[PDB]
Structures are given as structure tokens and as C-alpha cells.
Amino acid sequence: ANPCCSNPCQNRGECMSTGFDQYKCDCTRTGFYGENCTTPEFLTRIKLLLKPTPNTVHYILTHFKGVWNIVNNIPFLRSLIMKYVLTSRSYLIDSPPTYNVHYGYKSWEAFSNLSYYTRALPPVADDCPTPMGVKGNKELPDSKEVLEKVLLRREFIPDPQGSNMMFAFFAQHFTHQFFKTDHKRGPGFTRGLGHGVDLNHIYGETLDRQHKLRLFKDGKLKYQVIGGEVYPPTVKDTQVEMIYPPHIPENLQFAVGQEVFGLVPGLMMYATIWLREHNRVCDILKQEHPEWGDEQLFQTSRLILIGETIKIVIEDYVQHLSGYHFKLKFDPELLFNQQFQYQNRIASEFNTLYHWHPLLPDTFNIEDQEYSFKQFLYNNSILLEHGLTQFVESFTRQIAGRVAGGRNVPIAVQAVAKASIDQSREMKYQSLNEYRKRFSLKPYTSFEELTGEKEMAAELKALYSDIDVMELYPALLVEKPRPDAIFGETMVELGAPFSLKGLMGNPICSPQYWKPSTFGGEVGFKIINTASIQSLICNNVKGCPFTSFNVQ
């Protein structure tokens, strides 16, 4: 009915209905013109000749290790390149934000209401004859069957890129501060109104909660000492709400800022490390500033950890999963003479794409043990029995699963994978190819092109009929990996623009904030600018054990 159901406008133009059966595309600044913004301006025709595909660019970034070794040690050049990844990537995100679940047209409600996840592509309207607009059958293929046929794990597939459980739980930890779906509202509503990296998962989303978590001496965060070691305080002692099953004794009900991190010892590990680090930085800042009271130590410490997180997140975490020989850099200055919006809103598709469960193994191997999922969940005594050092040691050693490539979602969390498919459809996501187009990628012309193989591809073809009706989420986990990599094209290309904007749009990266005094002077800034995963762990975990995001 809606004449815009077919998604007729290309190249980021907007469709608009002009009477019941006619539409009109708005091609403003798209670099194109014509009824569907398909015919290019001249300046544009040149750019599309010279623009290397993402796989070409990927090849260059993951070869010529000798040339990158040299380029990484010329500050001038490293700077030039990073700056081009930042500006080129960010330009793919609409900032200020545009759509949500309920608004396929720009609207003030869409813009002002912070409870919604935003949306890189508008939803498909409710009065469209098919779920993906105009193509395909009236119903998408049974979600249970997509799951079973191409998503569930038969035999574990290790990540060829060497990603380990320190990498896997770090993703889970860090992402769970900006992915917090408000299930009472529905999917496509968020409880993280910071829309970015604010460490509410350490410090709490609300002031009331933050105050319960705080000691009010020396800027510090309450804690308890068990054995010789520092752990987070109890629910009983603090009264902060936490989600624990009823059978959990009150001495193991740990209170951290994210009410869910009790659920997996992996989370609670990072949760403990970051608590120690906040209190660590407090001791440093008190020494530099005997004149400072508790508020200032506390707030400056938080600002410091916000900094460390973005540093660690770019130069270690993204660095590792990217596979690049070029050394990525966290440097706000790169964007000070560039056009850039220091603001962010987390996008449904980003949450959707970040469901990286195939990372998880069959068993969690800590020390001499192999814990099943059943044994591991909601079981913090494991963390206590072995201790942080042994966790970091064992999780550095244990290989994680490959995400793309298909058939590596562990059965233990099949519910979770099916929900991901079902909720995508509930939120009226557009098709895989509409998302590829949106991030400057060649649509897939067949399923065997998508998967790079014959069997999963043939299964998918019997289920969806047309490639243009294939869905994003399943496509991401089934896609052909890059050679010996954990991810395919689509995952990298959608992910990177969401990721770096969330990181660089933070206000501490803005000119007026990025200066020593914001962080308690030059010794405070240094903590940010020398941050790493090794030193985060070294300074906070007994015996400075080796870690990495990578198996050795």
C-alpha cells in the first residue's frame, strides 16, 4: 500500500509518499540524482572509479607486515592514517540520530526520546505486503529451522584468529554498558540512557545506585576483602538491586553497577578488576591532591577510567579483532581540525550485530577444571575458589569460537539465538542486502556468494527463496569469513562505524575536555595515555600475570 515499501531510493536518499500510489526520492547531498538517486553526478563518477572495495582495503591492512612496521614508527603517518579511518568511518553514521522502531520518518519524538535505540535504516512499514517490504513470501522462514539448519554448533569451531576468553568476556563486559534492552518496553528500547561509554556498568546508571556503591572516603567504591583479595561488596551490605537466582547465599550476591554481571563469573572477574582500578586511581589522585575531597577524587577517577576504557578498547581490543598490522591509535587530537559530532546514540543493528555467542565454548576451562554452562552460570564461588590470577591465566589460554562461518552457536544458548532472529523481525528490520547497500557494500547475488560454500547455502535457498529476502543477523553468523579471520565483510563494515563513533563521540574526546586538568593534571592524563589490557591486569591482579586477547 505504502509506495515506499520497495525501498526504491538508493545511495542514502530518503523516500517520501506523494499520494496513495506515488513516491518521490529526496537526493539532497547524496552525490546522485534522478527518480531513485541512481544516476551519479560527475564528481561522484570519479570517486566510485578510485574507491577500493573493503576486501581490497582489508587485504592491504593484513598484508605487507614489513611496510606497516615502518609506517607504525613514523608518527606523522600513523596519525594521517588513523585520522582517515576515523573520518571515513564516522561519516556512515547519522549524527544527530534519525529513526527508531516506531518512526520511519524523521520526527522530534524520534530525536528527543532517549529510551529508544536509534536505527541505521528505517523500519519496514506495517502496511507492506511482505516482512521485507515487497519481496518474498508473506512470512519469513520459520526461525526454529534457520537456527537448527545453519546456526547451531555440531562440533566446536575455534577462532582461527586466536581470540581467547579474555577477549570474549571483555566484549561482553564492555558492550553490556551500552546494550541494556528494556524488556518491559520491548526490544528496540534501551535502559542505558548514556548511549555510549559511561561506565555505568561499574558505577550505576542512576545517582541513587551510585551512592549505594560508594564508600565516601577518598573517592573510593565500597569493597570487601575475602581471603587476602579485594572483591565487590554484597547486596546485603549495600542494598543495590542485583539479579541472582533465589538459591544464591547472601555472601556471594555481589553488588556491581550492572545488575546482571552476577550471572557469569567472566563478567564478575572484569567487574572486580575495574573496581580495583578505580580505587587504585583514587590512591594516585589523593597523593597528587591531598586538598581534594571525596567527590572530586571520585569524579576525576571515573573520568580517568572512561579514558582508559576507550584507549584499551581501540589499541588492544579492536586492534586484535581487526587483524591489522597497522597499529590503531586512540588520539582525540586527530579530529580537532575535522568535522565531527561529539555525540552518540546506540543503534539497534549494532546491538543486533554484537550478539557474538559463538565465541563461547562448550566448557569453561579454569585451572584443572572443565565447567559446563550449568555449573558456570550464577556461580561466583568458582571465582572465589580459583581467584582472579587463575582466571586471567586460564582465560588467556582458552581458545574462543569463530563467529562467522556458520554452525557455531552453542546449544546452551539456542534460546538466545532464536530470540535474536525473532526480535529482528518483531522490529521490522530491512533485509541483509539493504543493510549492505547502506554501508557501501555490494549486494550478494546468491547464497553461495554469501556463505562461500555449497551446503549451508543450499539449505538457506530452500528456506528464503530470494537472496534479497535474506536477513541480517543470521547472515552475519553464516557469512564467509575473511581468510583465517573471525568475521566476514558485513560484520566489520557495519560494526566499525557504530563502534568508533560510540568511542570518539564521547565528550572526554572533545577539545574542551581533552587536556590534563580534566584528569587531575599530567600524572592523571598519563594513566589514560599509557593504558593497556596488560597493565590494567598487571596493576590489579596478584602476580602481574600475562594476558592478551590472543592465544599464545
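Numbering starts at 1 and runs along the sequence shown. Rigid core: the largest C-alpha set superposing within 1.5 Å between the two forms.
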| item | value |
| --- | --- |
| Which of 270-278 and 86-94 strays further in 6 other deposited structures of this protein - Cα RMS after rigid core alignment | 86-94 |
| Between the two ranges 18-26 and 533-541, the one averaging a larger CA B factor in the entry | 18-26 |
| Of 174-182 and 444-452, the stretch whose C-alpha atoms average the higher B-factor in the entry | 444-452 |
| Residue with highest C-alpha B-factor in the PDB entry, from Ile202, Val281, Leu335, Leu263 | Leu263 |
| Per the PDB entry, maximal CA B factor within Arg119, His355, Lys311, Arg482 | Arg482 |
| Among modelled residues of the same chain, the CA temperature factor third for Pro246 | highest |
| Ranked against its chain, the third holding the CA B-factor of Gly488 | middle |
| Chain third (lowest, middle, highest) by recorded CA B-factor, residue given as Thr98 | middle |
| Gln258 - Cα temperature factor, lowest/middle/highest third of chain | middle |
| Ranked C-alpha temperature factor of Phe395 among modelled chain residues, by third | middle |
